[PDB]
Amino acid sequence: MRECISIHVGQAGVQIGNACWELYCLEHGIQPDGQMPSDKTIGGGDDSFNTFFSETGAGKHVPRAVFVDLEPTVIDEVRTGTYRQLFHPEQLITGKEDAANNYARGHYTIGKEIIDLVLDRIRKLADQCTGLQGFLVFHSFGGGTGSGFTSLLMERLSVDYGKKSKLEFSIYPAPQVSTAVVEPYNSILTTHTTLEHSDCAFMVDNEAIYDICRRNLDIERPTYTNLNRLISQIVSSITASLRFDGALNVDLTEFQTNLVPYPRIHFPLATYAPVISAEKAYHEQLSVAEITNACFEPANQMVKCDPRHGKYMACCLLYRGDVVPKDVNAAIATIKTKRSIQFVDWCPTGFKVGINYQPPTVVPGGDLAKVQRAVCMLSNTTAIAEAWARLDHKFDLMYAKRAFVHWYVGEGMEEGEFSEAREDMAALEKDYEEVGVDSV
Amino acid sequence: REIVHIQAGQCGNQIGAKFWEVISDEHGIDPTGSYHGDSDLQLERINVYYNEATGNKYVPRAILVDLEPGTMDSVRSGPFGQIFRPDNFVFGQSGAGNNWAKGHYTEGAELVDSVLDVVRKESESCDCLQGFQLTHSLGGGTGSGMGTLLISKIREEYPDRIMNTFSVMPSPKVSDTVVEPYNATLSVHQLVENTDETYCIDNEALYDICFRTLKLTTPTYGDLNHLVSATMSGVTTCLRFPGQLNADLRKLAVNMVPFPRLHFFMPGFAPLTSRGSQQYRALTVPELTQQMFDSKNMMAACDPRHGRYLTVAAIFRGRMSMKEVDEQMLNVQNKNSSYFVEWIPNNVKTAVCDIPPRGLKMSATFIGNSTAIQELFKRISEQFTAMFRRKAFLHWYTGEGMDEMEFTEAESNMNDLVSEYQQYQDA
Ligand SMILES: Nc1nc2c(ncn2[C@@H]2O[C@H](COP(=O)(O)OP(=O)(O)OP(=O)(O)O)[C@@H](O)[C@H]2O)c(=O)[nH]1
Ligand SMILES: Nc1nc2c(ncn2[C@@H]2O[C@H](COP(=O)(O)OP(=O)(O)O)[C@@H](O)[C@H]2O)c(=O)[nH]1
Ligand SMILES: O=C1NC(=O)[C@@H](c2cn3c4c(cccc24)CCC3)[C@@H]1c1c[nH]c2ccccc12
Ligand SMILES: O=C1NC(=O)[C@@H](c2cn3c4c(cccc24)CCC3)[C@@H]1c1c[nH]c2ccccc12
Ligand SMILES: [Ca+2]
Ligand SMILES: [Mg+2]
Ligand SMILES: [Mg+2]
């Protein structure tokens, strides 16, 4: 058991979902029609991949997932795409009108018309679970749906499923692939509303991913497809412990124990390596020490910030592929005596390590080179608050003039909600400052 | 006098399964549960740990407990997995997530009654139950939380029976989560009140032995458990085999524990060996005696020279001159009489068993009630305080209904225990 239900909200959530589930299928040897020849228990099973896939009597392995968007055209591509057989039609939910880059429309005007339906379809998945562990929610901060509808859904899920764990994969906005000028507004509103309802949230800075695609894969102008294939690899690394077994396999919930010292401090910084092109990876083996050292290069982070100017409250290393503890310990010992790694005084300094022997996988015609070993570092750093600071500043510039606020007020929102949301962010920035101060 | 064995949690079941694997071989019992030995010495007191069935089948009087089926499924598919009574497998599905509160108050409370039914069924079969022995860790959630819950409820239903524990202490050198000092401190609070005898098995010591002495570059839990199973076989020898005194759990407690709360023992073992690597040269008695008393051979990371021995029990195994053992043991006491309290006359006892453990022609196991054990609890207390002063990671516990006051109380009692051990170090 220990099933996990994924929820993909809005364009970003859906399109990232496409990349993730395609990648999952290739890692588990699942065909586009859902058949899995290596799986001998037909119609069911308690294997590790069953945490993410249910099984029909016809031998089809179906994602424990719901795709939701208030506009049909993005999910319509899933309905007619390569993996259309993978999903039951009821898992793919669409409206007729998007939220138009407006949190208010996603949370209230348009979202309220479909929220009951979404919950019913989620319930149908949950009732198929013998031991539901929690939910994984994929969405953007900037979109009207990814922002507005997600926060509504998260609130409703806390009511219907109590304290059942809810994890986030949140797309942090970037100017290079921006879709609206009010994305800072939507970002602050969602973070505020969702904060009490999320147990752990993995932010993905689009500018960080944009930079990595340009720098490491030599993609002159990355597309959403370029970004998503990289993101899915990070997502895969994090969910790998849930989808595979192994002696040195450490469950994500154990890392989570170390990563969240206080309920509001639940935003880990992800760093992934190696991101390298086929041209460069040829006749070039990146060792355990090399990819581990790459985790402390800020250029490889999922979020733009400087941990070297912050303090650590946890450090987790999630390896996959040809990796043994001996080489990990040696690599860590080297790194500790050469890097700017400083912990807060109220937390132990030991790195938590997990290893999944299942080697990394790449999607056909992709840009990422296929390597024998990869690593995803999850660290709790005060430096991630820099991401909040940049967003909150852009929020302040516009809100001081109440620019674009009328689009929200017109949908029933009040200025009090804006100020309430901003104050919560101010307290959150203060929280990250406080946890970094030395004990008395 | 029957003993009921219990093993709780991942650690508890893994060292527990290893314990049964080792002594079964010593008593000539195979995985099938059939005896195939050559000495009558093996079966004379085999009733202490084994039930007998028709056709002369020997079944361990053991109860396997956990809140997740993962580790117990590995046991049942392990070498001696089939020997255990299948009805004694009592497990949940939710797990404890390395959370003492979950094991003690919520998840474990839901399963604890099912366990006690199996304890009761085993006890009613006993001609004269002497007590219980528990294997568990203190750093996790199930073995620590639910384990101490079981102990409390077992005491309620069997208040005149002895409770013994093999408690694995957490260490940053071999750590799973950061909340281990919380779980450990909460557990020690329970063990002080509700056990008569606790063998302190320190993972810090086990790691150091494997790394420094055994020259194992990167020791695994399996490497750590080779030292545990060797120690456990040793300390239970006088319970399992015919000896000069025919020791039981109560007589051990009376002789080892001068004050009720000071019942936390430092185990020691010699020679220290690693898995697979066979030694060809048997140690002389003077070597066994010198090594077993050395800090490097202590299973608890405490310097015995930083304190004084209240009581000491020792067991030499193998064919040797018991006269030579007597001389050497008397020599240690006469050479270092300052590390033995003078207000407990003749506080060192030694026994000898003919049967040696597998792979060794002779060995020596050490059980010491030293005031130096305070170093262990002080270490846990410091790690506890470093987090608790900022209330770090406390939401995992308050989320299960616990209050901050319960942490403060647990902290105070362990610090009291420390000062109590310090009191007799300067007597
Ligand atoms: N990494 C990544 N980001 C995306 C992708 N699609 C959209 N985004 C980001 O999402 C933000 C806008 O939110 P969307 O998801 O596109 O909009 P929505 O959730 O459908 O809500 P609506 O406004 O109602 O359409 C922008 O900042 C985009 O950069 C994607 O496929 N990959
Ligand atoms: N010696 C030893 N210690 C272990 C083992 N497994 C876990 N531990 C220790 O026990 C603590 C974790 O507790 P665990 O038994 O895994 O939690 P539980 O299953 O919920 O009771 C940590 O401090 C570990 O060092 C093992 O196989 N051997
Ligand atoms: O496709 C689009 N939809 C939008 O809302 C437009 C937009 C305007 N601003 C945007 C901002 C952010 C993101 C999208 C847009 C910043 C301020 C003005 C954008 C667009 C770019 N060039 C165009 C030419 C003709 C018609 C539409 C467009
Ligand atoms: O057989 C035994 N029964 C006891 O009560 C033990 C004992 C401890 N002290 C005694 C004293 C006096 C007499 C007997 C004993 C002095 C202080 C401590 C003694 C023993 C010696 N080595 C062992 C190894 C494992 C288990 C038991 C023993
Ligand atoms: Ca199956
Ligand atoms: Mg959209
Ligand atoms: Mg464990």
# chains A, B, ... in the order shown; residues from 1 in each chain; ligands from 1

$ residues_near_ligand --ligand "ligand 3" --cutoff "12 Å" --atoms "only C-alpha atoms and all ligand atoms" --output "PyMOL selection string"
chain A and resi 100-102+142-143+173-184+403-404

$ write_last_selection --atoms "N, CA and C atoms" --output "mmCIF file, in the first residue's frame"
data_model
loop_
_atom_site.group_PDB
_atom_site.id
_atom_site.type_symbol
_atom_site.label_atom_id
_atom_site.label_comp_id
_atom_site.auth_asym_id
_atom_site.auth_seq_id
_atom_site.Cartn_x
_atom_site.Cartn_y
_atom_site.Cartn_z
ATOM 1 N N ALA A 100 -7.750 33.273 -16.576
ATOM 2 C CA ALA A 100 -7.243 34.503 -17.182
ATOM 3 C C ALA A 100 -6.173 35.180 -16.326
ATOM 4 N N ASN A 101 -5.200 34.396 -15.868
ATOM 5 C CA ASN A 101 -4.080 34.916 -15.084
ATOM 6 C C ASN A 101 -4.532 35.612 -13.804
ATOM 7 N N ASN A 102 -5.706 35.229 -13.309
ATOM 8 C CA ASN A 102 -6.309 35.870 -12.144
ATOM 9 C C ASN A 102 -6.586 34.863 -11.032
ATOM 10 N N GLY A 142 2.131 31.486 -10.846
ATOM 11 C CA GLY A 142 1.733 32.650 -11.619
ATOM 12 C C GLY A 142 0.401 32.551 -12.339
ATOM 13 N N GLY A 143 0.038 31.350 -12.777
ATOM 14 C CA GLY A 143 -1.212 31.152 -13.487
ATOM 15 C C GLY A 143 -2.414 31.385 -12.594
ATOM 16 N N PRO A 173 7.750 31.847 -10.648
ATOM 17 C CA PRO A 173 7.726 32.574 -11.923
ATOM 18 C C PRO A 173 9.068 33.181 -12.326
ATOM 19 N N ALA A 174 9.294 33.283 -13.633
ATOM 20 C CA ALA A 174 10.499 33.901 -14.175
ATOM 21 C C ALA A 174 10.140 34.784 -15.371
ATOM 22 N N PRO A 175 10.827 35.930 -15.520
ATOM 23 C CA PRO A 175 10.522 36.853 -16.622
ATOM 24 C C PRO A 175 10.776 36.272 -18.016
ATOM 25 N N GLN A 176 11.726 35.349 -18.138
ATOM 26 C CA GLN A 176 12.091 34.797 -19.443
ATOM 27 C C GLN A 176 10.962 33.981 -20.074
ATOM 28 N N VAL A 177 10.074 33.448 -19.238
ATOM 29 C CA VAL A 177 8.923 32.683 -19.713
ATOM 30 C C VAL A 177 7.659 33.109 -18.971
ATOM 31 N N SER A 178 7.557 34.405 -18.695
ATOM 32 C CA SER A 178 6.395 34.953 -18.010
ATOM 33 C C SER A 178 5.164 34.890 -18.908
ATOM 34 N N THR A 179 3.987 34.855 -18.288
ATOM 35 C CA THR A 179 2.719 34.816 -19.014
ATOM 36 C C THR A 179 1.787 35.940 -18.578
ATOM 37 N N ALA A 180 2.118 36.592 -17.469
ATOM 38 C CA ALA A 180 1.306 37.697 -16.975
ATOM 39 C C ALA A 180 2.111 38.640 -16.089
ATOM 40 N N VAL A 181 1.699 39.904 -16.056
ATOM 41 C CA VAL A 181 2.391 40.918 -15.266
ATOM 42 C C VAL A 181 1.998 40.825 -13.784
ATOM 43 N N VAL A 182 0.886 40.143 -13.511
ATOM 44 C CA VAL A 182 0.349 40.017 -12.154
ATOM 45 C C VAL A 182 0.748 38.701 -11.481
ATOM 46 N N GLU A 183 1.746 38.018 -12.033
ATOM 47 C CA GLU A 183 2.202 36.750 -11.467
ATOM 48 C C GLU A 183 2.708 36.908 -10.031
ATOM 49 N N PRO A 184 3.359 38.044 -9.717
ATOM 50 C CA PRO A 184 3.717 38.266 -8.311
ATOM 51 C C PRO A 184 2.507 38.298 -7.374
ATOM 52 N N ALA A 403 -1.869 48.835 -8.649
ATOM 53 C CA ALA A 403 -1.912 48.481 -10.065
ATOM 54 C C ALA A 403 -2.521 47.096 -10.268
ATOM 55 N N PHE A 404 -3.458 46.998 -11.211
ATOM 56 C CA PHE A 404 -4.102 45.733 -11.586
ATOM 57 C C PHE A 404 -4.991 45.136 -10.492
#

$ residues_around --residues "residue 417 in chain B" --least-positions-apart "3" --cutoff "8 Å" --atoms "only C-alpha atoms" --output "ChimeraX atom specification"
/B:261-262,374,413-414,420-421

$ write_last_selection --atoms "C-alpha atoms" --output "PDB file, in the first residue's frame"
ATOM      1  CA  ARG B 261      17.124   3.224  39.294  1.00  0.00           C
ATOM      2  CA  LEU B 262      20.808   2.418  38.710  1.00  0.00           C
ATOM      3  CA  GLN B 374      26.367   8.713  33.002  1.00  0.00           C
ATOM      4  CA  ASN B 413      14.505  12.752  35.106  1.00  0.00           C
ATOM      5  CA  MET B 414      17.437  11.759  32.897  1.00  0.00           C
ATOM      6  CA  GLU B 420      22.431   9.882  40.922  1.00  0.00           C
ATOM      7  CA  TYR B 421      25.219   8.009  39.152  1.00  0.00           C
TER       8      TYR B 421
END

$ interface_residues --of "chain B" --to "chain A" --cutoff "8 Å" --atoms "only C-alpha atoms" --output "number ranges by chain"
B: 94, 97-98, 172, 176-179, 217-218, 386-387, 389-390, 392-396

$ residues_near_ligand --ligand "ligand 7" --cutoff "12 Å" --atoms "only C-alpha atoms and all ligand atoms" --output "PyMOL selection string"
(chain A and resi 247-251+253-255) or (chain B and resi 8-14+66-68+70-71+95-99+136-144+170+174-177+180+221)

$ closest_residue --among "A:148, A:120, A:44, A:35" --to "ligand 6" --atoms "only C-alpha atoms and all ligand atoms"
A:148

$ residues_near_ligand --ligand "ligand 4" --cutoff "10 Å" --atoms "only C-alpha atoms and all ligand atoms" --output "ChimeraX atom specification"
/B:232-240,242-258,309-316,344-353,364-369

$ residues_around --residues "residue 25 in chain A" --least-positions-apart "3" --cutoff "12 Å" --atoms "only C-alpha atoms" --output "PyMOL selection string"
chain A and resi 18-22+28-36+49+52-53+60-63+83+86+236+243+361-363

$ closest_atom_pairs --of "chain A" --to "ligand 6" --cutoff "9 Å" --atoms "only C-alpha atoms and all ligand atoms" --output "JSON lines"
{"residue": "A:10", "atom": "CA", "partner": "ligand 6", "partner_atom_place_in_ligand_line": "1 (Mg)", "distance": 5.4}
{"residue": "A:11", "atom": "CA", "partner": "ligand 6", "partner_atom_place_in_ligand_line": "1 (Mg)", "distance": 4.9}
{"residue": "A:12", "atom": "CA", "partner": "ligand 6", "partner_atom_place_in_ligand_line": "1 (Mg)", "distance": 7.9}
{"residue": "A:69", "atom": "CA", "partner": "ligand 6", "partner_atom_place_in_ligand_line": "1 (Mg)", "distance": 6.7}
{"residue": "A:70", "atom": "CA", "partner": "ligand 6", "partner_atom_place_in_ligand_line": "1 (Mg)", "distance": 7.0}
{"residue": "A:71", "atom": "CA", "partner": "ligand 6", "partner_atom_place_in_ligand_line": "1 (Mg)", "distance": 6.1}
{"residue": "A:72", "atom": "CA", "partner": "ligand 6", "partner_atom_place_in_ligand_line": "1 (Mg)", "distance": 8.7}
{"residue": "A:73", "atom": "CA", "partner": "ligand 6", "partner_atom_place_in_ligand_line": "1 (Mg)", "distance": 8.6}
{"residue": "A:74", "atom": "CA", "partner": "ligand 6", "partner_atom_place_in_ligand_line": "1 (Mg)", "distance": 7.6}
{"residue": "A:97", "atom": "CA", "partner": "ligand 6", "partner_atom_place_in_ligand_line": "1 (Mg)", "distance": 8.9}
{"residue": "A:98", "atom": "CA", "partner": "ligand 6", "partner_atom_place_in_ligand_line": "1 (Mg)", "distance": 5.7}
{"residue": "A:99", "atom": "CA", "partner": "ligand 6", "partner_atom_place_in_ligand_line": "1 (Mg)", "distance": 7.1}
{"residue": "A:100", "atom": "CA", "partner": "ligand 6", "partner_atom_place_in_ligand_line": "1 (Mg)", "distance": 7.3}
{"residue": "A:101", "atom": "CA", "partner": "ligand 6", "partner_atom_place_in_ligand_line": "1 (Mg)", "distance": 7.7}
{"residue": "A:143", "atom": "CA", "partner": "ligand 6", "partner_atom_place_in_ligand_line": "1 (Mg)", "distance": 6.6}
{"residue": "A:144", "atom": "CA", "partner": "ligand 6", "partner_atom_place_in_ligand_line": "1 (Mg)", "distance": 7.2}
{"residue": "A:145", "atom": "CA", "partner": "ligand 6", "partner_atom_place_in_ligand_line": "1 (Mg)", "distance": 6.5}
{"residue": "A:146", "atom": "CA", "partner": "ligand 6", "partner_atom_place_in_ligand_line": "1 (Mg)", "distance": 8.0}

$ select_by_dssp --residues "range 211-391 of chain B" --states "strand (DSSP E or B)" --output "number ranges by chain"
B: 264-270, 298, 309-318, 340, 348-353, 362-370

$ write_last_selection --atoms "N, CA, C and O atoms" --output "CSV table (one decimal), in the first residue's frame"
chain,number,residue,atom,x,y,z
B,264,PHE,N,21.4,0.3,34.7
B,264,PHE,CA,21.8,0.4,33.3
B,264,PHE,C,23.2,-0.1,33.1
B,264,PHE,O,24.2,0.5,33.6
B,265,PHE,N,23.4,-1.3,32.5
B,265,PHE,CA,24.7,-2.0,32.4
B,265,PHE,C,25.5,-1.7,31.2
B,265,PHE,O,24.9,-1.5,30.1
B,266,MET,N,26.8,-1.7,31.4
B,266,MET,CA,27.7,-1.6,30.2
B,266,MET,C,28.2,-3.0,29.8
B,266,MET,O,29.0,-3.6,30.6
B,267,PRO,N,27.8,-3.5,28.7
B,267,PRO,CA,28.3,-4.8,28.3
B,267,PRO,C,29.7,-4.7,27.6
B,267,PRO,O,30.0,-3.6,27.1
B,268,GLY,N,30.5,-5.8,27.7
B,268,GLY,CA,31.8,-5.8,27.0
B,268,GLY,C,32.0,-7.2,26.5
B,268,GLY,O,31.4,-8.2,27.0
B,269,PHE,N,32.9,-7.3,25.5
B,269,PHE,CA,33.2,-8.6,24.9
B,269,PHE,C,34.6,-8.8,24.4
B,269,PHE,O,35.2,-7.8,23.9
B,270,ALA,N,35.1,-10.0,24.5
B,270,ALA,CA,36.5,-10.3,23.9
B,270,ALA,C,36.5,-11.7,23.5
B,270,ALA,O,36.0,-12.6,24.2
B,298,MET,N,34.1,-2.1,25.1
B,298,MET,CA,32.8,-1.8,25.7
B,298,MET,C,31.8,-1.5,24.7
B,298,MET,O,32.1,-0.8,23.7
B,309,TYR,N,33.1,0.9,39.2
B,309,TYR,CA,32.2,-0.3,39.1
B,309,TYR,C,31.5,-0.6,40.4
B,309,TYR,O,32.1,-0.8,41.4
B,310,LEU,N,30.1,-0.5,40.3
B,310,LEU,CA,29.3,-0.9,41.5
B,310,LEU,C,29.3,-2.4,41.6
B,310,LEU,O,29.5,-2.9,42.7
B,311,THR,N,29.0,-3.0,40.5
B,311,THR,CA,29.0,-4.5,40.4
B,311,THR,C,29.5,-5.0,39.0
B,311,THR,O,29.4,-4.2,38.1
B,312,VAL,N,30.1,-6.2,39.0
B,312,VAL,CA,30.5,-6.8,37.7
B,312,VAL,C,30.2,-8.2,37.7
B,312,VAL,O,30.5,-9.0,38.6
B,313,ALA,N,29.6,-8.7,36.6
B,313,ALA,CA,29.4,-10.1,36.3
B,313,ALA,C,30.1,-10.4,35.0
B,313,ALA,O,30.1,-9.7,34.0
B,314,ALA,N,30.9,-11.5,35.0
B,314,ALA,CA,31.7,-12.0,33.9
B,314,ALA,C,31.5,-13.4,33.6
B,314,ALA,O,31.3,-14.2,34.5
B,315,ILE,N,31.6,-13.8,32.3
B,315,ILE,CA,31.4,-15.2,31.9
B,315,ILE,C,32.5,-15.6,30.9
B,315,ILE,O,32.5,-15.0,29.8
B,316,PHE,N,33.3,-16.5,31.2
B,316,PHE,CA,34.3,-17.1,30.3
B,316,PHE,C,33.7,-18.3,29.6
B,316,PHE,O,33.2,-19.2,30.3
B,317,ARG,N,33.8,-18.4,28.3
B,317,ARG,CA,33.3,-19.6,27.6
B,317,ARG,C,34.5,-20.3,26.9
B,317,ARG,O,35.4,-19.7,26.3
B,318,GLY,N,34.4,-21.6,26.9
B,318,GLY,CA,35.4,-22.5,26.3
B,318,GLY,C,36.1,-23.3,27.3
B,318,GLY,O,35.9,-23.2,28.5
B,340,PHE,N,36.8,0.1,41.6
B,340,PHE,CA,35.7,-0.7,42.2
B,340,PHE,C,35.3,-0.1,43.6
B,340,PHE,O,36.2,0.1,44.4
B,348,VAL,N,32.5,-8.5,42.4
B,348,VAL,CA,32.9,-9.0,41.1
B,348,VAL,C,32.8,-10.6,41.1
B,348,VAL,O,33.4,-11.2,42.0
B,349,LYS,N,31.9,-11.1,40.3
B,349,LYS,CA,31.7,-12.5,40.2
B,349,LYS,C,32.0,-13.0,38.8
B,349,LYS,O,31.6,-12.4,37.8
B,350,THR,N,32.6,-14.2,38.7
B,350,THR,CA,32.9,-14.8,37.4
B,350,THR,C,32.4,-16.2,37.3
B,350,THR,O,32.5,-17.0,38.3
B,351,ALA,N,31.9,-16.6,36.1
B,351,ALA,CA,31.4,-17.9,35.9
B,351,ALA,C,32.1,-18.4,34.6
B,351,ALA,O,32.8,-17.7,33.9
B,352,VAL,N,32.0,-19.7,34.4
B,352,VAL,CA,32.6,-20.4,33.3
B,352,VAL,C,31.7,-21.4,32.6
B,352,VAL,O,31.0,-22.2,33.3
B,353,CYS,N,31.6,-21.4,31.3
B,353,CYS,CA,30.8,-22.4,30.5
B,353,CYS,C,31.7,-23.1,29.6
B,353,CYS,O,32.5,-22.5,28.9
B,362,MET,N,37.6,-19.8,22.6
B,362,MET,CA,37.2,-19.2,23.9
B,362,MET,C,36.9,-17.7,23.8
B,362,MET,O,37.5,-17.0,22.9
B,363,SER,N,36.0,-17.2,24.6
B,363,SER,CA,35.6,-15.8,24.6
B,363,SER,C,35.3,-15.4,26.1
B,363,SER,O,35.3,-16.2,27.0
B,364,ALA,N,35.1,-14.1,26.3
B,364,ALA,CA,34.8,-13.5,27.6
B,364,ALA,C,33.8,-12.4,27.4
B,364,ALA,O,34.1,-11.4,26.7
B,365,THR,N,32.7,-12.5,28.1
B,365,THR,CA,31.6,-11.5,28.1
B,365,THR,C,31.6,-10.7,29.4
B,365,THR,O,31.8,-11.3,30.5
B,366,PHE,N,31.4,-9.4,29.3
B,366,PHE,CA,31.5,-8.5,30.5
B,366,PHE,C,30.1,-7.8,30.7
B,366,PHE,O,29.5,-7.3,29.8
B,367,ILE,N,29.7,-7.8,32.0
B,367,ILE,CA,28.5,-7.0,32.4
B,367,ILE,C,28.9,-6.2,33.5
B,367,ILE,O,29.1,-6.7,34.6
B,368,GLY,N,28.9,-4.9,33.3
B,368,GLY,CA,29.4,-3.9,34.3
B,368,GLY,C,28.3,-2.9,34.6
B,368,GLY,O,27.8,-2.2,33.8
B,369,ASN,N,28.1,-2.7,35.9
B,369,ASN,CA,27.3,-1.6,36.4
B,369,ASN,C,28.2,-0.5,36.9
B,369,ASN,O,28.5,-0.4,38.1
B,370,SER,N,28.6,0.4,35.9
B,370,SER,CA,29.5,1.4,36.2
B,370,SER,C,28.9,2.8,36.3
B,370,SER,O,27.9,3.0,35.6

$ closest_residue --among "B:108, B:69, B:103, B:33" --to "residue 89 in chain B" --atoms "only C-alpha atoms"
B:69

$ residues_around --residues "range 34-37 of chain B" --least-positions-apart "5" --cutoff "10 Å" --atoms "only C-alpha atoms" --output "PyMOL selection string"
chain B and resi 24-29+42-43+55-59+83

$ write_last_selection --atoms "N, CA and C atoms" --output "short mmCIF file (atom, residue, chain, number, x, y, z; two decimals), in the first residue's frame"
data_model
loop_
_atom_site.label_atom_id
_atom_site.label_comp_id
_atom_site.auth_asym_id
_atom_site.auth_seq_id
_atom_site.Cartn_x
_atom_site.Cartn_y
_atom_site.Cartn_z
N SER B 24 20.29 -20.60 18.72
CA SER B 24 19.70 -21.82 18.18
C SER B 24 20.81 -22.76 17.73
N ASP B 25 21.83 -22.18 17.10
CA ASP B 25 23.00 -22.94 16.67
C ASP B 25 23.78 -23.47 17.86
N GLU B 26 23.82 -22.69 18.94
CA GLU B 26 24.53 -23.09 20.15
C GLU B 26 23.81 -24.22 20.87
N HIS B 27 22.49 -24.25 20.75
CA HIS B 27 21.68 -25.28 21.40
C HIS B 27 21.34 -26.43 20.45
N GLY B 28 21.89 -26.38 19.24
CA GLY B 28 21.74 -27.47 18.29
C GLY B 28 20.42 -27.48 17.54
N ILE B 29 19.66 -26.40 17.65
CA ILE B 29 18.36 -26.30 16.99
C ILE B 29 18.52 -25.76 15.57
N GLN B 42 23.21 -28.98 26.04
CA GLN B 42 22.48 -28.05 25.18
C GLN B 42 20.98 -28.01 25.50
N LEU B 43 20.44 -29.12 25.98
CA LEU B 43 19.00 -29.26 26.18
C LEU B 43 18.56 -29.14 27.64
N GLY B 55 6.62 -34.41 18.87
CA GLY B 55 7.68 -34.81 17.96
C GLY B 55 8.99 -34.13 18.33
N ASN B 56 9.04 -33.61 19.55
CA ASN B 56 10.22 -32.91 20.06
C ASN B 56 10.66 -31.75 19.16
N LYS B 57 9.72 -30.85 18.88
CA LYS B 57 10.01 -29.63 18.14
C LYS B 57 10.21 -28.48 19.13
N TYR B 58 11.28 -27.72 18.95
CA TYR B 58 11.59 -26.59 19.83
C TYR B 58 11.28 -25.27 19.15
N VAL B 59 10.36 -24.51 19.74
CA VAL B 59 9.91 -23.23 19.19
C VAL B 59 10.28 -22.09 20.14
N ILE B 83 11.19 -20.83 12.10
CA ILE B 83 11.19 -21.43 13.43
C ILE B 83 10.18 -20.76 14.36
#

$ residues_around --residues "residue 434 in chain A" --least-positions-apart "5" --cutoff "12 Å" --atoms "only C-alpha atoms" --output "list in words"
residues 262, 265, 311, 344, 382, 385, 427, 428, 429 and 439 of chain A; 390 of chain B

$ select_by_dssp --residues "range 232-336 of chain B" --states "alpha helix (DSSP H)" --output "number ranges by chain"
B: 232-235, 237-240, 249-256, 285-292, 322-335

$ write_last_selection --atoms "C-alpha atoms" --output "mmCIF file, in the first residue's frame"
data_model
loop_
_atom_site.group_PDB
_atom_site.id
_atom_site.type_symbol
_atom_site.label_atom_id
_atom_site.label_comp_id
_atom_site.auth_asym_id
_atom_site.auth_seq_id
_atom_site.Cartn_x
_atom_site.Cartn_y
_atom_site.Cartn_z
ATOM 1 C CA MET B 232 23.667 -11.029 23.674
ATOM 2 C CA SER B 233 24.789 -14.652 23.420
ATOM 3 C CA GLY B 234 27.359 -13.934 26.112
ATOM 4 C CA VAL B 235 25.226 -12.212 28.736
ATOM 5 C CA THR B 237 24.899 -17.796 28.623
ATOM 6 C CA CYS B 238 24.429 -18.296 32.366
ATOM 7 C CA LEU B 239 20.658 -18.289 31.785
ATOM 8 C CA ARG B 240 20.771 -20.832 28.957
ATOM 9 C CA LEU B 249 16.777 -12.894 35.882
ATOM 10 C CA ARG B 250 15.765 -12.078 39.469
ATOM 11 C CA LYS B 251 18.957 -13.307 41.146
ATOM 12 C CA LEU B 252 20.929 -11.324 38.567
ATOM 13 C CA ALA B 253 18.984 -8.160 39.376
ATOM 14 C CA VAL B 254 19.469 -8.611 43.127
ATOM 15 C CA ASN B 255 23.232 -9.044 42.740
ATOM 16 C CA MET B 256 23.785 -6.336 40.102
ATOM 17 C CA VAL B 285 43.110 -16.170 29.707
ATOM 18 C CA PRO B 286 45.207 -13.113 30.637
ATOM 19 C CA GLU B 287 44.453 -11.675 27.181
ATOM 20 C CA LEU B 288 40.704 -12.279 27.488
ATOM 21 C CA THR B 289 40.674 -10.642 30.917
ATOM 22 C CA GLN B 290 42.720 -7.627 29.825
ATOM 23 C CA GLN B 291 40.719 -7.027 26.647
ATOM 24 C CA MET B 292 37.227 -7.473 28.112
ATOM 25 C CA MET B 322 39.021 -22.005 35.742
ATOM 26 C CA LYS B 323 41.797 -21.582 38.311
ATOM 27 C CA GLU B 324 43.605 -19.309 35.863
ATOM 28 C CA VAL B 325 40.380 -17.370 35.284
ATOM 29 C CA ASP B 326 40.012 -16.881 39.037
ATOM 30 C CA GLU B 327 43.596 -15.648 39.404
ATOM 31 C CA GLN B 328 43.343 -13.210 36.494
ATOM 32 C CA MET B 329 39.986 -11.799 37.567
ATOM 33 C CA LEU B 330 41.207 -11.444 41.148
ATOM 34 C CA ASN B 331 44.333 -9.793 39.736
ATOM 35 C CA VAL B 332 42.342 -7.103 37.908
ATOM 36 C CA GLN B 333 40.477 -6.226 41.105
ATOM 37 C CA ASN B 334 43.702 -6.210 43.125
ATOM 38 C CA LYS B 335 45.582 -4.121 40.544
#

$ residues_around --residues "residue 305 in chain B" --least-positions-apart "5" --cutoff "12 Å" --atoms "only C-alpha atoms" --output "list in words"
residues 293, 294, 295, 336, 337, 338, 339, 340, 370, 371, 372, 373, 375 and 425 of chain B
